[PDB]
Amino acid sequence: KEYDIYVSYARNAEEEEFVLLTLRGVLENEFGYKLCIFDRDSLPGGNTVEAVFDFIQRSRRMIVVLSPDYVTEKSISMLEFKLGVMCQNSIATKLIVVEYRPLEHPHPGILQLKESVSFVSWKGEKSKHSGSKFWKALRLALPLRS
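Numbering (this note's numbering), first residue to last: 13 to 158.
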């Protein structure tokens, strides 16, 4: 309804810079999409679970930026993930997995992802340039028009 993409990522500098510099610039300016990024768009205080759930429910898509740090137990990234799985199952929210860094051991959450969920593989610096295979695959997974 209100956002096109909720971007969920691991709260570390490298992956935050991935979202804030590389992902946002392309998603916002080359595709035209309106994003929700919790640390950018949230209000302080209040119930954290309620704020994330509300934001996810108000978004046409949700990107999971998957990396070893994303899946650490008690992380807010896992909170976003689990609430995303919830919204997938309750209101058919479409999730998208951007594979930023491969996981170092299989994670049980991945199997909660419905069949139709797109997996897009980030291959480092070579994926960054416009028209890369990464960007083409992700654009197909996103709404038809902005």
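Note that CB positions come from ideal geometry on N, CA and C, so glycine has one too.
Q) Which value, in whole angstroms, describes the spacing of the CA atoms of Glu127 and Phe65? A) For the purposes of this step, residue 127 is taken as residue 115 along the sequence shown, with counting starting at 1. For the purposes of this step, residue 65 is taken as residue 53 along the sequence shown, with counting starting at 1. One C-alpha to the other measures close to 22 Å.
Q | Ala63 versus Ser54 - alpha carbon distance | A | For the purposes of this step, residue 63 is taken as residue 51 along the sequence shown, with counting starting at 1. For the purposes of this step, residue 54 is taken as residue 42 along the sequence shown, with counting starting at 1. Cα-Cα distance, rounded: 7 Å.
Q: Could you tell me how far apart the beta carbons of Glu29 and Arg70 are, in whole angstroms, since I believe they sit closer than 8 Å?
A: Mapped onto the sequence shown, residue 29 falls at position 17. Mapped onto the sequence shown, residue 70 falls at position 58. Rounded, the Cβ-Cβ distance is 25 Å, inconsistent with contact.
Q) Among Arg72, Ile108, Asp51, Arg113, which one has its Cα closest to the Cα of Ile88? A) Here residue 88 is taken as the residue at index 76 of the sequence shown, counted from 1. Per the Cα distances, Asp51.
Q: Quick one: using the 10 Å Cβ neighbour count with 16 as the cut-off for buried, is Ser142 buried or exposed?
A: Walking along the sequence shown from the start, residue 142 turns up at place 130. It counts as exposed.
Q. In three-state DSSP terms, what is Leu78?
A. As a position in the sequence shown, residue 78 is number 66, starting the count at 1. In this structure, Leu78 counts as strand in the three-state DSSP scheme.
Q.
With H, G and I counted as helix, E and B as strand and the rest as coil, what does DSSP make of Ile49?
A. By one-based count along the sequence shown, residue 49 stands at place 37. Residue state, collapsed to three classes: coil.
**Q.** Boundaries of the beta strand (DSSP E) in which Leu107 is found, first to last residue
**A.** Taking the sequence shown and counting its residues from 1, one reaches residue 107 at position 95. Taken as a continuous stretch (DSSP letters only), the beta strand (DSSP E) holding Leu107 covers 106-111.
Q. Looking only at its own chain, which residues have a Cβ that is under 8 Å from the Cβ of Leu95, when we skip the five neighbours before and after it?
A. As a working mapping, residue 95 is identified with position 83 in the sequence shown. Correct list, in chain order: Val61, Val64, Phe65, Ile68.
Q) Are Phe146 and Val132 touching if we call contact CB-CB under 9 Å? A) Taking the sequence shown and counting its residues from 1, one reaches residue 146 at position 134. Taking the sequence shown and counting its residues from 1, one reaches residue 132 at position 120. In this structure, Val132 lies closer than 9 Å to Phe146 by Cβ.
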